[PDB]
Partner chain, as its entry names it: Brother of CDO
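One chain comes next, on its own, written out as structure tokens in the form deposited without the partner chain.
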């Protein structure tokens, strides 16, 4: 039933920031922006946040992103007992991506399984699609990129 995504594959099969997918970039959200109130914390106890920058900024995302992320968290545990959803990257303030990255406004996450078993990433990407993320992309061997439309 669930066919894993192939490496470098994305779904839907169109560029990310286009209509049928995640839609267009709506501008960066810096801490000091009024847009900041669009972000909302995700405190899901069953999602691992890498939190590499130590700020917990990884947890701040749109309500839409949060909701897709949470459901994925539940199907991940369903697909593999012992394994959870993991986020390596979410809201980015340091421009570590392209121009107009959805990461810049809390509409994108980079995910893995909690066990970091790259063997799982293809199937994970698929679950993310099932979870209703609006664009899912097996970006690299080490993580999967998921994004959503704006509200």
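Residue numbers count along the first chain shown, from 1. In this text, rigid core is short for the largest set of C-alphas that superpose within 1.5 Å between two forms.
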| item | value |
| --- | --- |
| Outlying stretch relative to shown form, 81-89 versus 94-102 in 4 other deposited structures of this protein, C-alpha RMS (core) | 94-102 |
| Greater root mean square CA deviation, 32-40 compared with 121-129 in 4 other deposited structures of this protein, core aligned | 32-40 |
| Mean C-alpha temperature factor, higher of 23-31 and 49-57 | 23-31 |
| Higher-scoring stretch by recorded Cα B factor average, 66-74 or 98-106 | 98-106 |
| Top Cα B factor in the deposited entry, candidates 43, 91, 36, 121 | 121 |
| Relative C-alpha B-factor of residue 139, binned into the chain's lowest, middle or highest third | highest |
| Entry-reported Cα temperature factor of residue 8, expressed as the chain third it lands in | middle |
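Another form exists, deposited with the partner chain bound; not displayed. Remarks below refer to it.
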{"item": "Among 84-92, 32-40, 122-130, 66-74, the region lying within 4.5 Å of the partner chain in the deposited bound form by heavy atom distance", "value": "84-92"}
{"item": "Contact label in the deposited bound form: residue 46 to the partner chain, heavy atom within 4.5 Å", "value": "no"}
{"item": "Contact flag, residue 24 vs the partner chain in the deposited bound form, heavy atom cut 4.5 Å", "value": "no"}
{"item": "Residue 14 within 4.5 Å of the partner chain in the deposited bound form, heavy atoms", "value": "no"}
{"item": "Close approach of residue 140 to the partner chain in the deposited bound form, 4.5 Å, heavy atom", "value": "yes"}
{"item": "In the deposited bound form, residues of 53-77 near the partner chain [heavy atom within 4.5 Å]", "value": "53, 54"}
